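K.L.:
One structure coming up, written as structure tokens, with questions to follow.
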């Protein structure tokens, strides 16, 4: 069914929004519809898939898109997963609200492969924590 809409938004859909969507489906429920947008997209990032799938959250079925004001303006909520992304809110009437975080893009983490992967693990854990707080606190 449908009852609310939550629309993730980041500087690239491909990474942060895709993972936030997978955690939100666990922490929320059918009382909401959960999708992702971004300033841009490139694809369902293999990191976003494997990071969620290692938690048992098979986001392989998801897809990326760039922002569409036609869903944004109807959402109960828009979640601007990084502050530089929050500029890209073309219309959020009183039917909508916004939330804000500061997540750097995990696919660009670097130092060594294990440091890049560790950064993937940190970002999923914090995004999952974010949805846990949002769900529990009703922020």
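Method on record in the header is solution NMR.
The backbone N, Cα and C atoms fix where each Cβ goes, and this holds for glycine too.
Taken from Swiss-Prot, the feature active site, nucleophile applies to 10, 82, 89. Residues annotated as disulfide bond in Swiss-Prot: 10-82, 82-89.
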K.L.:
In angstrom units, rounded to an integer, how far apart are the Cα atoms of residue 10 (active site, nucleophile) and residue 82 (active site, nucleophile)?
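P.N.:
One finds 6 Å between the Cα atoms of these residues.
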K.L.:
If you count Cβ atoms within 10 Å of each one, which of the active-site residues 10, 82, 89 comes out on top?
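P.N.:
That would be 10, with the most Cβ atoms nearby.
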K.L.:
Roughly how many Å separate the Cα of residue 89 (active site, nucleophile) from that of residue 82 (active site, nucleophile), to the nearest whole number?
P.N.:
12
